[PDB]
Number of protein chains: 4
Amino acid sequence: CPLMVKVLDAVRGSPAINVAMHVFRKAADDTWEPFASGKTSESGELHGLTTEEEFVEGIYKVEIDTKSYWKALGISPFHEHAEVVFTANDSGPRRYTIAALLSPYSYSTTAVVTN
Amino acid sequence: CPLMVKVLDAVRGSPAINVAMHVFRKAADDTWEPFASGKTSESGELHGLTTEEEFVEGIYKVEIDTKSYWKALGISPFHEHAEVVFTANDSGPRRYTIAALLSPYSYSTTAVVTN
Amino acid sequence: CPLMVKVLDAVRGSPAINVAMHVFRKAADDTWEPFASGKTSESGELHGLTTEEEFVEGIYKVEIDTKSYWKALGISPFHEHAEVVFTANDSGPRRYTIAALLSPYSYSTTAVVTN
Amino acid sequence: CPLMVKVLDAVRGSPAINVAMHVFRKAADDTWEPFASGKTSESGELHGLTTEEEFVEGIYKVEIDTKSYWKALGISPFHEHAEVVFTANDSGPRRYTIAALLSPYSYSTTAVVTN
Ligand SMILES: Cc1nc(Nc2ncc(C(=O)Nc3c(C)cccc3Cl)s2)cc(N2CCN(CCO)CC2)n1
Ligand SMILES: Cc1nc(Nc2ncc(C(=O)Nc3c(C)cccc3Cl)s2)cc(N2CCN(CCO)CC2)n1
């Protein structure tokens, strides 16, 4: 599994469950093409987005729908979504774990890249 | 000044100086119209992006060129840029400060919304 | 002002106002000697903690009473306090700004060290 | 396993391996008594610190030796250590995952608490 995303809720101290996200890949014409999508599990994780064969070199964007998450909890947040844009597999295949920590007016994101 | 951006460097413990960013406003056709841009000062701040009259409600995107910043320091970064996407809403006199804390493989962003 | 503290609230998107904190200096017997204290202002800042003459090299601890802050807002917090422990070192004229971003189950802290 | 700690390196985008930490519990005389200690594995995780029976109600402090970690990588960091102080099991047994994200001049910590 070369691309996993983990989302945490900093207000409740819990995984962020049922968080939708869409992954896009930059096409040769500079447009964002849809690549994969899903929602986080009870553990706040989203696995199985892609495979090593499909996950070629490129610029990828993960758009995490944080706004819908907060609204469902009764909170009007600042951000429309959290966005994570990165070049992947530029030096050969890697495994990427994208983590996001969510608050109503703030978010942090980090990446762990393993060979 | 209805919109200010402050950028900090978590590796050097300093303001992030000379960081370029562009601000976009979402158009009716769902495309990003360039709105304002600049580079952070020696204090890591960028002021004078817009005026109260021009800064109407809508969806705005601040795209911070973090990749060029880390490249200038000789440090290999993860992200292509840091993106802050938010809805501006008229609820009394509001001033927006977008703060961003930068590390090579991570970034955090917060909004301070005051009167 | 060789030492300033700025505290932000990631739930409300605002400075964290009226947050009490104590600063300690580590003594030879490895105990924490009270050094300075105060409460953050309406801008979430606390100035005037020490002077250049008094702020000698050593190990310092800033203990931020985040628990009382969240209790005042009716929000159940995780941490008893936020602690920032650091060595102050004389390498040219240096001013320290300790920034802290608060959520109920998370906090981040950064140091901005300038001349 | 009721207490686990996970540490990430935001400069390298990797687990923070071989990070020492000590856990203390506040005694009835208001002193910090040693409770458990260990170092993070190749995955940046520390498991097996305690058991449900031993991990009684109390105020606990996790002191993560971040300074030694950065110095071994050739970096002189700001903080002496990262400190996480919290009341545990106040409403009955819980499982606590403490996460820390490390940069030379900044750290963030969060907690996931599960029943
Ligand atoms: C050193 C400094 N820091 C400022 N503000 C902030 N510092 C840090 C911020 C912040 O949130 N950090 C952060 C953290 C800690 C964790 C995760 C993510 C993040 Cl992003 S916000 C403002 C400031 N000023 C000087 C005085 N000017 C007078 C104008 O009248 C005002 C502006 N100087
Ligand atoms: C690299 C990695 N990180 C994991 N957990 C966390 N990553 C980051 C965490 C976190 O909170 N970051 C953070 C952020 C984002 C901001 C501020 C502050 C912080 Cl601290 S917590 C889990 C994990 N797994 C690999 C796949 N395994 C099998 C599938 O279940 C087990 C899970 N891999």
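- Per the PDB record, this model was obtained through X-ray crystallography at a reported resolution of 1.703 Å.

## Observations concerning the relation of the copies chain A and chain C
Part 1 of the argument: Once chain A has been moved 0.2 Å along the axis and rotated by 179°, it coincides with chain C to within an RMSD of 0.9 Å. Here the copies are linked by what is in effect a two-fold axis. The rotation axis passes nearest to the C-alpha of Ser103 of chain A in chain A, at a distance of 3.4 Å.

## Quick word on the interface of chain A and chain C
As a measure of interface size, the accessible area lost when the parts come together is often cited.
Part 1 of the argument: On the side of chain C, nine residues touch chain A, which itself brings nine residues to the contact.
Part 2 of the argument: Taken together, both faces of the contact between chain A and chain C bury some 680 Å²; the carbon and sulfur share is 62%.
Part 3 of the argument: Considering only the side of chain A, the residues that lose the most area to chain C are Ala10, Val11 and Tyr105 of chain A, jointly responsible for 51% of the buried surface there.
Part 4 of the argument: For the pair chain A and chain C, the number of links is zero salt bridges.

## Quick notes on the relation of the copies chain B and chain A
Part 1 of the argument: Mapping chain B onto chain A calls for a screw motion: a turn of 180° about the axis and a shift of 0.4 Å along it, with 0.9 Å RMSD after fitting.
Part 2 of the argument: A share of 95% of interface residues in chain B that are also interface residues in chain A marks the association as one of identical surfaces.

## What to know about the site of ligand 2
Part 1 of the argument: Taken together, 18 residues lie near ligand 2, and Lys6, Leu8, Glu45 and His47 of chain A together with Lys6 of chain D sit nearest.
Part 2 of the argument: The environment of ligand 2 is shared, with nearby residues belonging to chains A and D.
Part 3 of the argument: Contact between ligand 2 and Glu45 of chain A: an oxygen atom at 2.8 Å from a side-chain N or O atom of the residue.
Part 4 of the argument: Between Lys6 of chain D and ligand 2, the recorded distance is 3.3 Å, taken from a side-chain N or O atom to a nitrogen atom.
Part 5 of the argument: Within the complex, the protein chains bury 77% of what would otherwise be the 700 Å² of accessible surface of ligand 2.
Part 6 of the argument: Taken together, the elements giving at least two residues each to the shell around ligand 2 come down to strand 1 (3–9), strand 8 (95–103) and strand 9 (106–114) of chain A together with strand 1 (3–9), strand 8 (95–103) and strand 9 (106–114) of chain D.
Part 7 of the argument: Here the shell around ligand 2 gets four residues from one element, more than from any other, and that element is strand 8 of chain A.
Part 8 of the argument: By residue class, the composition of the shell around ligand 2 is nine nonpolar, six polar and three charged.

## Overview of the interface of chain B and chain A
Part 1 of the argument: Counting residues at the interface gives 22 residues for chain B, matched by 21 residues for chain A.
Part 2 of the argument: Here chain B packs against chain A, burying approximately 1,800 Å² in sum over the two surfaces, 56% of which is carbon and sulfur.
Part 3 of the argument: Where chain B packs against chain A, one counts zero salt bridges.
Part 4 of the argument: Across the chain B-chain A interface, the total number found is 16 residue pairs in polar contact.
Part 5 of the argument: Breaking the side of chain B that touches chain A down by element, the ones donating at least two residues are strand 6 (58–64), strand 7 (79–88), strand 8 (95–103) and strand 9 (106–114) of chain B.
Part 6 of the argument: Broken down by class, the residue content of the side of chain B that touches chain A amounts to eleven nonpolar, seven polar and four charged.

## Comments concerning the site of ligand 1
Part 1 of the argument: Close to ligand 1 lie 13 residues, the nearest being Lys6, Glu45 and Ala99 of chain B together with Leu8 and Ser108 of chain C.
Part 2 of the argument: Taken together, the residues near ligand 1 originate from chains B and C.
Part 3 of the argument: Between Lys6 of chain B and ligand 1, the recorded distance is 3.0 Å, taken from a side-chain N or O atom to a nitrogen atom.
Part 4 of the argument: Those elements that provide at least two residues to the shell around ligand 1 are strand 1 (3–9) and strand 8 of chain B together with strand 8 (95–103) and strand 9 (106–114) of chain C.
Part 5 of the argument: Each residue belonging to the shell around ligand 1 can be placed in one class, and the counts come to seven nonpolar, four polar and two charged.

## Digging into the sheet that holds strand 4 (residues 32–39) of chain C
Part 1 of the argument: Spatially, eight strands are ordered 4(C)-3(C)-6(C)-7(C)-7(D)-6(D)-3(D)-4(D) in an open sheet, and the strand pairing comes out antiparallel. The open sheet terminates on both sides in strands that have one partner only, identified here as strand 4 of chain C together with strand 4 (32–39) of chain D. Adjacent strand axes in the sheet meet at a mean angle of 20°, parallel and antiparallel pairs treated alike.
Part 2 of the argument: Strand direction decides the pairing type here: strand 6 (residues 58–64) of chain D and strand 7 (residues 79–88) of chain D, joined by seven bridges, are antiparallel. Of the residues in strand 7 of chain D, the one forming a bridge with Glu63 of chain D is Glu83 of chain D.

## A few points about unusual backbone geometry
Part 1 of the argument: Of note in this structure, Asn18 of chain A is not a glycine but carries a positive phi near 70°.
Part 2 of the argument: In this structure, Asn18 of chain A sits in the loop between strand 2 (14–15) and strand 3 (20–26).
Part 3 of the argument: Phi is positive for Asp30 of chain C, which is not a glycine, with a value near 70°.
Part 4 of the argument: In this fold, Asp30 of chain C is placed in the loop between strand 3 (20–26) and strand 4.

## Points about the sheet that holds strand 3 of chain A
Part 1 of the argument: Taken in spatial order, the eight strands line up as 4(A)-3(A)-6(A)-7(A)-7(B)-6(B)-3(B)-4(B) in an open sheet, and their pairing is antiparallel. Only two strands of the sheet have a single partner each, and these edge strands are strand 4 (32–39) of chain A together with strand 4 (32–39) of chain B. Ignoring which end each strand starts from, the neighbouring axes of this sheet average 20° apart.

So, how was this worked out
Residues numbered from 1 in each chain as written, not as in the entry; some residues may be left out. Chains lettered and ligands numbered in written order. Heavy atoms only, no water. Residues with missing side-chain atoms left out of burial classes, pairs and counts. Least-squares fit on C-alpha atoms. Contact = heavy atoms within 4.5 Å. Buried area = accessible area lost by both parts, 1.4 Å probe. Salt bridge = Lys/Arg side-chain N within 4 Å of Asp/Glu carboxyl O. Near = heavy atom within 4 Å. Polar contact = N/O pair within 3.5 Å; in protein donor to acceptor, adjacent residues only side chain to side chain. Areas by Shrake-Rupley, 256 points an atom, 1.4 Å probe, with all protein chains shown as cover. Helix = DSSP H or I, 4+ residues; strand = E, 2+ residues; numbered from the N terminus. Nonpolar A, V, L, I, M, F, W, Y, C, P; charged D, E, K, R; others polar. Pairing = 2+ DSSP bridges. Axes fitted to C-alpha atoms, helices over the stretch in contact; angles between N-to-C directions.

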